[PDB]
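Input: a single structure, listed below in structure tokens.
In the deposited numbering, the protein residues as written are 50 to 499.
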């Protein structure tokens, strides 16, 4: 079928392509989100809805092709096809265990991105109107907001809504961002981040120490980082609803947001466990800043590398909360820079997910990713969502805290630690310490940091 247009990779796609190239096996960069739901969904109506979502958005009918014959891989470009090459499936399984098996197969799926095979949209169904609806995506075509948008579009279409004819297409938006960089309009943002991260001429960027969790412990393991293709151990917990309540109250009274409270508390725990007084945390940000960016599909998400440097343990948590609020507000004035272009400017190498190296991530080794959506805004037909299973791509970061704060549930916390550094029980030990520290500070923000 037809090729409509060709485009360069977006800035974010381009850095992601370098990560993928450096990895032994890019299957580790698959993303797979399963939503368990209970209730009637008509297969034909759902599949028609999802087919229309595929047709609407160019990025869901995009392939990614080599430029030249022996770059070898120096350029990839987006090829926008007239019609999608992705498919929708509605699959009968025996029972929930069958559905879960299908899910974990989708986690290992081989995307043929050259051919525009970039998404899986699968409704596994069993029993009395039970479902597991899975959205799986190659890195280049999606992100958490895109997954929300798919559910919401599919729900509305299923329910007979006529979506707007106007669709903000990914390449159009990505080109505007590239032009802003080329034309010098990101230069002030770049200088902000470059100055934040500048070092004395000697001195290597400090990297986060190993956290003392520990496997018990007394007397440090202090062993070499063991190459593991960025395999992560994880643990997940729901936060007590009274702790969440106190956090909302004390955040408001400090003129801060709950996100800033969670981030501040994460920083304090990292400082405690490492003994570092100067390290950075990558703050996840959607990088969607206007109506069209919010409605669009594709890979927009970014990381903002906050440096927490001149650390003072005797200030109160309340004081630290306010200072962290100001740090985030300042960062958000300079949020448009894709972190890979900063990294390149600062001279970093692309990290490799392999069996022969396990180097810390460039610039920052901790990430914080907080989102507040309502899952139920994308409920479909008469099915109600009960539970999400999420398997996002591997990343190089030593410690990652991902949270959902759906205003109609309790906050859900996920901690991921690199297996190259940490043991199988360490994510839970960190998560327990974090919940403790949230409970203590939200009870009494006058307490000192350490």
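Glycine is no exception: its CB is placed at the ideal position from the N, C-alpha and C atoms.
So the candidates are the options; which of them puts its Cα closest to the Cα of residue i?
{"i": "residue 92", "options": "52, 432 and 480", "result": "432"}
{"i": "residue 379", "options": "254, 241 and 280", "result": "241"}
{"i": "residue 442", "options": "189, 462 and 434", "result": "189"}
{"i": "residue 480", "options": "459, 496, 450 and 468", "result": "450"}
{"i": "residue 288", "options": "222, 311 and 269", "result": "311"}
{"i": "residue 181", "options": "237, 187, 169 and 192", "result": "169"}
{"i": "residue 115", "options": "73, 154, 412 and 66", "result": "66"}
{"i": "residue 359", "options": "346, 376 and 73", "result": "376"}
{"i": "residue 336", "options": "325, 328 and 350", "result": "350"}
{"i": "residue 453", "options": "423, 403, 447 and 253", "result": "423"}
{"i": "residue 51", "options": "118, 224 and 131", "result": "131"}
{"i": "residue 196", "options": "428, 398, 400 and 264", "result": "428"}
{"i": "residue 237", "options": "384, 151, 496 and 430", "result": "384"}
{"i": "residue 86", "options": "462, 466, 446 and 430", "result": "430"}
{"i": "residue 161", "options": "299, 75 and 213", "result": "75"}
{"i": "residue 474", "options": "210, 266 and 211", "result": "266"}
{"i": "residue 107", "options": "209, 54 and 254", "result": "54"}
{"i": "residue 446", "options": "400, 457, 62 and 286", "result": "400"}
The alpha helix (DSSP H) with residue i in it runs from where to where?
{"i": "residue 341", "result": "340–344"}
{"i": "residue 420", "result": "It is not in any alpha helix (DSSP H) - residue 420 instead sits in the beta strand (DSSP E) that spans 415–420."}
{"i": "residue 303", "result": "Counting along the chain, residue 303 falls outside any alpha helix (DSSP H), and DSSP gives it neither H nor E."}
{"i": "residue 337", "result": "Per DSSP, residue 337 belongs to no alpha helix (DSSP H) and is neither H nor E."}
{"i": "residue 485", "result": "475–492"}
{"i": "residue 394", "result": "388–394"}
What is the rounded straight-line gap between the Cα of residue i and the Cα of residue j?
{"i": "residue 331", "j": "residue 143", "result": "42 Å"}
{"i": "residue 484", "j": "residue 455", "result": "18 Å"}
{"i": "residue 382", "j": "residue 121", "result": "38 Å"}
{"i": "residue 438", "j": "residue 239", "result": "36 Å"}
{"i": "residue 226", "j": "residue 220", "result": "10 Å"}
{"i": "residue 355", "j": "residue 94", "result": "45 Å"}
{"i": "residue 370", "j": "residue 318", "result": "14 Å"}
{"i": "residue 123", "j": "residue 64", "result": "12 Å"}
{"i": "residue 191", "j": "residue 269", "result": "41 Å"}
{"i": "residue 134", "j": "residue 164", "result": "7 Å"}
{"i": "residue 440", "j": "residue 283", "result": "11 Å"}
{"i": "residue 262", "j": "residue 491", "result": "23 Å"}
{"i": "residue 68", "j": "residue 353", "result": "18 Å"}
{"i": "residue 84", "j": "residue 203", "result": "14 Å"}
{"i": "residue 100", "j": "residue 199", "result": "11 Å"}
{"i": "residue 193", "j": "residue 465", "result": "17 Å"}
{"i": "residue 243", "j": "residue 205", "result": "44 Å"}
{"i": "residue 187", "j": "residue 176", "result": "30 Å"}
{"i": "residue 362", "j": "residue 316", "result": "12 Å"}
{"i": "residue 347", "j": "residue 148", "result": "26 Å"}
{"i": "residue 207", "j": "residue 102", "result": "11 Å"}
{"i": "residue 500", "j": "residue 153", "result": "There is no way to answer for residue 500, as the model of the chain reaches only from 50 to 499."}
Are the beta-carbon atoms belonging to residue i and residue j less than 8 Å from one another?
{"i": "residue 82", "j": "residue 278", "result": "no"}
{"i": "residue 561", "j": "residue 137", "result": "Residue 561 lies beyond the residue range present for the chain, which begins at 50 and ends at 499; the question has no answer from this structure."}
{"i": "residue 409", "j": "residue 323", "result": "no"}
{"i": "residue 366", "j": "residue 498", "result": "yes"}
{"i": "residue 470", "j": "residue 321", "result": "no"}
{"i": "residue 390", "j": "residue 60", "result": "yes"}
{"i": "residue 113", "j": "residue 127", "result": "yes"}
{"i": "residue 426", "j": "residue 184", "result": "no"}
{"i": "residue 3", "j": "residue 293", "result": "What the structure shows of the chain is the stretch from 50 to 499, and residue 3 is not part of that stretch, so it cannot be assessed."}
{"i": "residue 256", "j": "residue 105", "result": "no"}
{"i": "residue 448", "j": "residue 404", "result": "no"}
{"i": "residue 174", "j": "residue 129", "result": "no"}
{"i": "residue 71", "j": "residue 402", "result": "yes"}
{"i": "residue 419", "j": "residue 308", "result": "yes"}
{"i": "residue 333", "j": "residue 417", "result": "yes"}
{"i": "residue 281", "j": "residue 467", "result": "yes"}
{"i": "residue 345", "j": "residue 222", "result": "yes"}
{"i": "residue 326", "j": "residue 412", "result": "no"}
{"i": "residue 305", "j": "residue 214", "result": "no"}
{"i": "residue 494", "j": "residue 407", "result": "no"}
{"i": "residue 395", "j": "residue 246", "result": "yes"}
{"i": "residue 158", "j": "residue 79", "result": "yes"}
{"i": "residue 211", "j": "residue 167", "result": "no"}
From which residue to which residue does the beta strand (DSSP E) around residue i run?
{"i": "residue 322", "result": "Looking at the DSSP string, residue 322 is not in any beta strand (DSSP E); the run it does join, the alpha helix (DSSP H), is 307–323."}
{"i": "residue 465", "result": "461–467"}
{"i": "residue 441", "result": "Element bounds for residue 441: n/a, residue is neither H nor E."}
{"i": "residue 371", "result": "No beta strand (DSSP E) holds residue 371; the alpha helix (DSSP H) holding it covers 366–381."}
{"i": "residue 283", "result": "281–287"}
{"i": "residue 150", "result": "Element bounds for residue 150: not the beta strand (DSSP E) but the alpha helix (DSSP H), 145–156."}
{"i": "residue 65", "result": "It is not in any beta strand (DSSP E) - residue 65 instead sits in the alpha helix (DSSP H) that spans 60–71."}
{"i": "residue 449", "result": "448–453"}
{"i": "residue 356", "result": "351–357"}
{"i": "residue 169", "result": "168–175"}
Where in the stretch 186–269 do unbroken runs of the alpha helix (DSSP H), each at least 4 residues long, occur, reported from the N-terminal end onward? Secondary structure remark: continuous alpha helix (DSSP H) runs of at least 4 residues inside the stretch 186–269, in chain order: 193–207, 219–231 and 236–246.
Every unbroken beta strand (DSSP E) within the stretch 78–122, with a cutoff of 3 residues, ordered by chain: Counting whole runs of 3 or more residues, the stretch 78–122 contains the beta strand (DSSP E) stretches 80–87 and 111–115.
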